[PDB]
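Below is one structure, written out as structure tokens; the observations come after it.
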Amino acid sequence: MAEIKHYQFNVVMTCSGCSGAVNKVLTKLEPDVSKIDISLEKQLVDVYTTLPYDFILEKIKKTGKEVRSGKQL
């Protein structure tokens, strides 16, 4: 029933990242993830996956990049 959510987080990219690290840490659960997307402009990242929010936060945490806020859609 609960499928691919669309989470969105304000993650401090500050140049450089361009999916590196953020993508890699998700590869581990490709079969549970639809996609990620990234918008440098407003330092936003979308995470399209069925996995629980907490799990995503953990994985983002694991990159070492700051996370100012985020929500689910």
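To be explicit about the labels: the chains of the structure tokens are called A, B, and onward in the order shown, and within each one the residues are counted from 1, while ligands get numbers from 1 in the order they are shown.
Secondary structure from DSSP on the backbone puts strand (DSSP E or B) at the following positions of chain A: residues 5, 6, 7, 8, 9, 10, 11, 33, 34, 35, 36, 37, 38, 39, 44, 45, 46, 47, 48, 49, 67, 68, 69, 70, 71 and 72 of chain A.
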Nearby residues (only C-alpha atoms) at most 12 Å from residue 54 of chain A, same-chain spacing under 6 positions excluded, as a PyMOL selection string: chain A and resi 7+60-61+70-72
Using only N, CA, C and O atoms, please write the residues we just selected to a file, as a JSON list (two decimals), in the first residue's frame.
```
[["chain", "number", "residue", "atom", "x", "y", "z"],
["A", 7, "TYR", "N", 10.41, 11.95, -0.36],
["A", 7, "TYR", "CA", 10.93, 12.78, 0.70],
["A", 7, "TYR", "C", 11.68, 13.93, 0.03],
["A", 7, "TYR", "O", 12.10, 13.78, -1.12],
["A", 60, "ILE", "N", 21.46, 9.90, 4.70],
["A", 60, "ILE", "CA", 21.92, 11.26, 4.43],
["A", 60, "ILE", "C", 22.97, 11.65, 5.48],
["A", 60, "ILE", "O", 24.06, 12.11, 5.13],
["A", 61, "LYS", "N", 22.67, 11.41, 6.77],
["A", 61, "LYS", "CA", 23.58, 11.62, 7.88],
["A", 61, "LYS", "C", 24.94, 11.02, 7.55],
["A", 61, "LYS", "O", 25.97, 11.68, 7.68],
["A", 70, "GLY", "N", 13.69, 18.69, 6.39],
["A", 70, "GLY", "CA", 13.16, 17.91, 5.31],
["A", 70, "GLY", "C", 11.79, 17.44, 5.76],
["A", 70, "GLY", "O", 11.47, 17.48, 6.94],
["A", 71, "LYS", "N", 10.99, 17.02, 4.80],
["A", 71, "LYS", "CA", 9.63, 16.54, 4.97],
["A", 71, "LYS", "C", 9.33, 15.46, 3.94],
["A", 71, "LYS", "O", 10.15, 15.18, 3.06],
["A", 72, "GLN", "N", 8.14, 14.86, 4.08],
["A", 72, "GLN", "CA", 7.63, 13.85, 3.15],
["A", 72, "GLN", "C", 6.49, 14.43, 2.33],
["A", 72, "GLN", "O", 5.77, 15.31, 2.80]]
```
Selected residue of minimal separation from residue 57 of chain A among A:15, A:35, A:45, A:24, counting only C-alpha atoms: A:45
For residue 73 of chain A, the nearest of the candidates A:11, A:4, A:38, A:29, counting only C-alpha atoms: A:4
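Near residue 67 of chain A, within a cut-off of 7 Å and counting only C-alpha atoms, sit the residues residues 9, 10, 11, 12, 65 and 69 of chain A, with same-chain residues fewer than 2 positions away left out.
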File dump, residues just selected, C-alpha atoms, as a compact mmCIF listing (two decimals), in the first residue's frame:
```txt
# COMPACT_ATOMS: atom_id res chain seq x y z
CA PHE A 9 15.43 17.57 2.45
CA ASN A 10 17.30 20.87 2.63
CA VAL A 11 20.85 19.43 2.62
CA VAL A 12 23.85 21.78 2.54
CA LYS A 65 26.52 16.75 4.80
CA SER A 69 15.14 20.33 7.48
```
For residue 33 of chain A: contacts at 10 Å, only C-alpha atoms, fewer than 6 positions along chain excluded, given as an NGL selection string: :A and (4-5 or 26-27 or 47-51)
Dump C-alpha atoms for the selected residues as a PDB file, in the first residue's frame?
```
ATOM      1  CA  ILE A   4       7.707   4.965  -3.257  1.00  0.00           C
ATOM      2  CA  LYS A   5       7.371   8.141  -1.126  1.00  0.00           C
ATOM      3  CA  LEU A  26      21.793   4.740  -1.481  1.00  0.00           C
ATOM      4  CA  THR A  27      23.232   2.111  -3.927  1.00  0.00           C
ATOM      5  CA  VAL A  47      14.589  10.994  -2.244  1.00  0.00           C
ATOM      6  CA  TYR A  48      12.063   8.716  -3.957  1.00  0.00           C
ATOM      7  CA  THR A  49      11.813   5.437  -1.964  1.00  0.00           C
ATOM      8  CA  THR A  50       9.439   3.262   0.095  1.00  0.00           C
ATOM      9  CA  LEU A  51      11.942   3.043   3.002  1.00  0.00           C
TER      10      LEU A  51
END
```
Between atom CA of residue 16 of chain A and atom CA of residue 53 of chain A, distance in Å (one decimal): 25.1 Å
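What separates atom CA of residue 14 of chain A from atom CA of residue 34 of chain A is a distance of 24.9 Å.
Proximity of A:3, A:66, A:46, A:41 to residue 23 of chain A, computed with only C-alpha atoms, is greatest for A:46.
Closest approach to residue 21 of chain A from the set A:42, A:1, A:36, A:52 is made by A:36, with distances taken over only C-alpha atoms.
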Expected answer as a list in words: helix (DSSP H, G or I) residues in chain A: residues 22, 23, 24, 25, 26, 27, 30, 31, 32, 40, 41, 42, 53, 54, 55, 56, 57, 58, 59, 60, 61, 62 and 63 of chain A
Can I get the selected residues back with C-alpha atoms, as an mmCIF file, in the first residue's frame?
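Saved result, part-v7.cif, follows:
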```
data_model
loop_
_atom_site.group_PDB
_atom_site.id
_atom_site.type_symbol
_atom_site.label_atom_id
_atom_site.label_comp_id
_atom_site.auth_asym_id
_atom_site.auth_seq_id
_atom_site.Cartn_x
_atom_site.Cartn_y
_atom_site.Cartn_z
ATOM 1 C CA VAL A 22 24.525 10.844 -1.630
ATOM 2 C CA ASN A 23 23.950 8.429 -4.538
ATOM 3 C CA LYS A 24 26.621 5.963 -3.370
ATOM 4 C CA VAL A 25 25.175 5.586 0.151
ATOM 5 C CA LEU A 26 21.793 4.740 -1.481
ATOM 6 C CA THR A 27 23.232 2.111 -3.927
ATOM 7 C CA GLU A 30 18.735 0.336 -4.961
ATOM 8 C CA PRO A 31 16.063 -2.462 -4.990
ATOM 9 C CA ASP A 32 14.160 -0.452 -2.279
ATOM 10 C CA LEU A 40 21.757 22.994 -5.787
ATOM 11 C CA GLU A 41 19.862 26.324 -6.171
ATOM 12 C CA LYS A 42 17.898 25.927 -2.906
ATOM 13 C CA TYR A 53 11.917 8.556 6.608
ATOM 14 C CA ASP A 54 14.244 7.773 9.580
ATOM 15 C CA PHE A 55 16.176 5.346 7.373
ATOM 16 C CA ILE A 56 16.668 8.034 4.712
ATOM 17 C CA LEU A 57 17.774 10.576 7.354
ATOM 18 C CA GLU A 58 20.355 8.037 8.613
ATOM 19 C CA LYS A 59 21.755 7.495 5.086
ATOM 20 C CA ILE A 60 21.925 11.260 4.428
ATOM 21 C CA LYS A 61 23.583 11.621 7.882
ATOM 22 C CA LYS A 62 26.162 9.030 6.799
ATOM 23 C CA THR A 63 27.398 11.374 3.995
#
```
